[PDB]
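Please read the structure below before turning to the comments.
We use all heavy atoms of the structure for the numbers below, so side chains are in, but hydrogens, waters and symmetry mates are not. In what follows, every chain begins at residue 1, and chains take the letters A, B, ... in the order their sequences are listed.
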Amino acid sequence: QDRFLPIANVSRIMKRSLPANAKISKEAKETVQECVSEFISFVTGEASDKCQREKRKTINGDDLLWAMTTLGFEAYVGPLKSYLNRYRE
Amino acid sequence: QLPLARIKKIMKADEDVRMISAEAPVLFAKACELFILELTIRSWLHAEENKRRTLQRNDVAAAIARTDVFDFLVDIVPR
């Protein structure tokens with residue numbers, strides 16, 4: 001178990017979206033943990049194609065934002081773009 | 001919230017991944033948070049439809065199966 005983000009960190013975020021008395025089974029946590037790694041690999045492949053098409057060597061945050069837009073995560077891109085602009089300032 | 005070094009490691013498993021700006025794992029950490037939150041609440045809706053207060057694997061599979069954005073996960077988490 002090290003191809004993955006740590007299970008407790010993932011599960012702590014899961015728990016924040018639920019009622020305080022919600023329970024999460026260990027198999028659900030493990031499932032979401034695997035899904036998060038697939039999310040990273042999925043989005044990275046797209047951003048990599050972008051980075052390479054434009055003859056650059058380094059995946060940056062704009063590459064990721066473009067990748068998330070292309071792959072249909074438009075609901076995240078606005079807030080991530082604002083987050084990225086503040087990190088860069 | 002999510003360790004940047006591990007994100008970078010998962011990123012580097014990619015074919016053309018090459019170099020990675022420092023900002024990219026940072027931005028990714030936030031993106032993974034948004035993804036976990038959305039996947040989890042969509043799964044909870046299936047648990048509440050089955051009259052349960054425990055979120056189970058089949059709830060994640062159900063949410064993935066009925067969400068077009070999560071199409072890339074349908075074979076990872078089959079019902």
Side-chain angles (χ1 to χ4, degrees), chain A residues 1-47 59 61 64-65 67-69 71-87, chain B residues 2-14 20 22-50 52-74 76-77:
Chain A
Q1 190 210 146
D2 258 311
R3 195 90 284 288
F4 302 128
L5 297 178
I7 190 97
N9 298 67
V10 174
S11 303
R12 254 190 313 260
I13 295 153
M14 293 179 67
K15 188 190 307 117
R16 293 204 275 100
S17 75
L18 301 187
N21 56 315
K23 286 162 283 304
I24 311 174
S25 77
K26 192 188 227 242
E27 282 81 355
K29 299 170 186 174
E30 292 169 347
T31 302
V32 171
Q33 172 191 46
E34 186 173 2
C35 290
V36 175
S37 283
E38 282 290 344
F39 174 71
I40 297 172
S41 302
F42 183 54
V43 164
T44 299
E46 192 56 48
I59 298 176
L64 298 183
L65 292 175
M68 274 170 243
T69 307
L71 304 174
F73 303 99
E74 286 98 331
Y76 309 166
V77 163
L80 292 173
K81 174 196 253 268
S82 147
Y83 187 87
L84 172 64
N85 281 351
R86 296 194 304 262
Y87 176 92
Chain B
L2 292 164
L4 300 177
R6 179 48 54 85
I7 291 163
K8 181 179 167 178
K9 185 183 171 163
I10 296 161
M11 285 182 75
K12 286 190 94 160
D14 178 68
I20 298 169
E23 56 176 34
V26 171
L27 193 58
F28 239 143
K30 190 36 101 146
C32 288
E33 177 181 299
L34 298 185
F35 165 83
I36 296 169
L37 295 169
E38 177 176 7
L39 182 55
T40 300
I41 188 59
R42 287 181 182 276
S43 300
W44 185 246
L45 292 193
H46 185 266
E48 83 169 33
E49 289 160 23
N50 287 71
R52 284 182 276 103
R53 299 308 276 198
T54 298
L55 200 277
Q56 292 173 341
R57 171 171 173 100
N58 76 283
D59 300 318
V60 186
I64 288 160
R66 66 212 196 164
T67 314
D68 280 10
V69 278
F70 297 164
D71 264 325
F72 73 103
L73 302 161
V74 173
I76 305 307
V77 201

Using every non-hydrogen atom in the two residues, find where A:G45 and B:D14 come nearest and quote the distance to one decimal.
CA-OD1, 3.5 Å
Is there side-chain contact between A:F73 and A:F42, with at least one heavy-atom pair below 4.5 Å?
yes
Chi angles and distances behind the side chain to side chain contact (heavy atoms under 4.5 Å, CB included) call for A:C35, B:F35:
CA-CA 9 Å; A:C35 290; B:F35 165 83; 4.0 Å; yes
Rounded distance [0.5 Å steps], CD in A:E74 versus CG in A:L71:
9.0 Å
Rounded to the nearest 0.5 angstrom, the OG-CG distance for A:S37 and A:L5 is 5.0 Å
Taking every heavy atom of B:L2 against every heavy atom of B:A29, the minimum-distance pair comes out as CD1-O, 3.5 Å
List the atom of B:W44, the atom of A:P19, and the distance in Å for their closest heavy-atom pair.
NE1-CD, 3.7 Å
Could you measure the distance from the CD1 atom of A:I40 to the NZ atom of B:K9? Nearest 0.5 Å is fine.
12.5 Å
Any heavy-atom pair between the side chains of A:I24 and A:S11 that's under 4.5 Å?
no
Between A:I59 and B:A24, which heavy-atom pair has the shortest distance, and what is it?
O-CB, 3.9 Å
Can a salt bridge be assigned to the pair B:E23 and A:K81 using a cut-off of 4.0 Å between side-chain N and carboxylate O?
no
Salt bridge between B:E48 and B:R52, side-chain N to carboxylate O under 4.0 Å?
no
Distance, nearest 0.5 Å, that separates OG of B:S43 from CD1 of B:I36:
12.0 Å
Looking at side-chain heavy atoms only, is the closest gap between B:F28 and A:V43 below 4.5 Å?
yes
Basic-acidic side-chain contact under 4.0 Å: A:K29, A:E34
no
Nearest 0.5 Å, please: how far is CG in A:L80 from CG in A:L84?
8.5 Å
I'd like to check A:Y76 versus A:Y83 (side-chain heavy atoms, cut-off strictly below 4.5 Å). Are they in contact?
no
If you apply the rule side-chain hydrogen bond (donor to acceptor under 3.5 Å, both in side chains), what do you find for A:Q1 with A:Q33, and how did you get there?
CA-CA 10 Å; A:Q1 190 210 146; A:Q33 172 191 46; 3.0 Å; yes
Might you work through the side chain to side chain contact (heavy atoms under 4.5 Å, CB included) test for A:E30 and B:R57, ending with a clear yes or no?
CA-CA 9 Å; A:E30 292 169 347; B:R57 171 171 173 100; over 6 Å; no
Between B:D59 and B:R42, does any side-chain N to carboxylate O distance fall below 4.0 Å?
no
Evaluation steps, side chain to side chain contact (heavy atoms under 4.5 Å, CB included), between B:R6 and B:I10
CA-CA 6 Å; B:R6 179 48 54 85; B:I10 296 161; 4.2 Å; yes
Any side-chain heavy-atom pair from A:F4 and A:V36 closer than 4.5 angstrom?
no
Side chain proximity check, B:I7 to B:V26, heavy atoms < 4.5 angstrom:
no
Ring geometry between A:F39 and B:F72 (parallel below 30°, tilted from 30 to 60°, perpendicular above 60°):
tilted
Atom of B:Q56, atom of A:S25 and distance for their closest heavy-atom approach:
CA-OG, 3.7 Å
Using modelled atom types only, decide if a donor and an acceptor are shared between the side chain of A:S17 and the backbone of A:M14 within a distance under 3.5 Å.
yes
In Å and rounded to the nearest 0.5 Å, what is the CG to CD1 distance from A:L64 to B:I20?
9.0 Å
State, with a plain yes or no, whether a side-chain heavy atom of B:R66 is found less than 4.5 Å away from one of B:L45.
yes
Residue pair A:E38, A:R3: steps toward the salt bridge (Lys or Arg N to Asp or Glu O under 4.0 Å) verdict:
CA-CA 10 Å; A:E38 282 290 344; A:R3 195 90 284 288; over 6 Å; no
Correct closest heavy-atom pair for A:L65 and A:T69 would be O-OG1, 2.8 Å
Atom NZ of A:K23: over 12 foreign heavy atoms under 6.0 Å:
yes
For a side chain to side chain contact (heavy atoms under 4.5 Å, CB included) with B:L39, tell me which candidate from B:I64, B:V69, B:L34 qualifies.
B:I64
